[PDB]
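Just so you know, the protein sequences line up as chains c and d, in that order. Residues 156 to 166, 172 to 310 in the authors' numbering are what the first sequence spells out, letter by letter. Going by the authors' numbering, the final residue of the second sequence carries number 350, and the count climbs one at a time with no gaps.
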Amino acid sequence: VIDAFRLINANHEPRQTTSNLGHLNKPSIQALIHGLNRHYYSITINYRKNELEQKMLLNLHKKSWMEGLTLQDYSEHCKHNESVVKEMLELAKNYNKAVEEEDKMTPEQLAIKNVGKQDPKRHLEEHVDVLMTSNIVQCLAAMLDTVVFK
Amino acid sequence: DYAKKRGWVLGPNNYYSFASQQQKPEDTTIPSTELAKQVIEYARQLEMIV
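Listed below in C-alpha cells is the structure:
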C-alpha cells in the first residue's frame, strides 16, 4: 500500500489530461475523506527494473543444487505415511456417515451443515494430494540417484 | 540316436542331465528408466487439465 502525491494550489483543474493514464485507480474513500483531489493529487507509481535487478530478484528463492537430490530419512517417511493413512481411516468413516445424509437435509440446511463440523470430503482431497505428491517425489529422487551415482 | 537329437549331455551310462535349473535366474539390476517414466507419467496425469 503506497502512493505518491503533490500539492494543489488555491486557484479550474490542477492538471491537464491527454490520456487515460491518470484515471485508472479509483481513489479510496479514506484518502478522499482526508483531502485527496482537494488539496493534493496522486501520481502513478512505476516499479521499472533493469536486467540485473530482474536476474537477482528471481535468484533469491533458489535453493542450492544438493537440496534437489536429497532424500528424506526413510523412517520419517514411513512414519508420516502411516500417520496420514491412520487419519484417512476415520475420515472415510465420517465420509460414509455424511453421504448417507444430503438426501434427508433441506437444500438450505446443507449450507449450514458445514459450520463448526469437520467435512470429510475436503480433508480427504487434501490428504490424498499430500500423500501422492510426497511419495511420487521421493520415489523419483530415489530412482534418479540410483542411476546417477554409478 | 534320439538322445543325440535332443540336447542331452550324455553323462554316465543311462545318466543324462536335463538342466532343469533353467539357469536359476537370480540376477537383478533395478530397472530404473522405466520406473522414472512411470512416475513422471503419474505426475503428468495428476496435474494436467482434464
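Beta carbons are placed, not taken as given, at the ideal position from N, Cα and C, and that holds for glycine.
Boundaries of the alpha helix (DSSP H) around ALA303 of chain d: 302–305.
Between the segment 267–275 of chain c and the segment 301–309 of chain c, the count of Cβ pairs shorter than 8 Å is below three; the stretches do not touch.
DSSP places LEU184 of chain c in the coil class of the three-state scheme, outside both helix and strand. At a cut-off of 9 Å between C-beta atoms, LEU304 of chain c counts as an interface residue with respect to chain d. Residue contact with chain c for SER317 of chain d: absent (no Cβ-Cβ distance below 9 Å to any residue of chain c).
Taking a beta-carbon distance threshold of 9 Å, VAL339 of chain d counts as an interface residue toward chain c. Taking 8 Å as the upper bound for CB-CB distance, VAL290 of chain c and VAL244 of chain c are in contact here, some 7 Å apart. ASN314 of chain d and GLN322 of chain d have their C-alpha atoms spaced approximately 22 Å apart. Chain-ordered, the chain d residues with CB closer than 9 Å to the CB of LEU300 of chain c read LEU335, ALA336, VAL339, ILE340, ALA343. For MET292 of chain c, a Cβ of chain d is located within less than 9 Å of the residue's own Cβ. Neighbours of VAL307 of chain c in chain d, taken as residues whose beta carbon is under 7 Å from its own, are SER332 in chain order.
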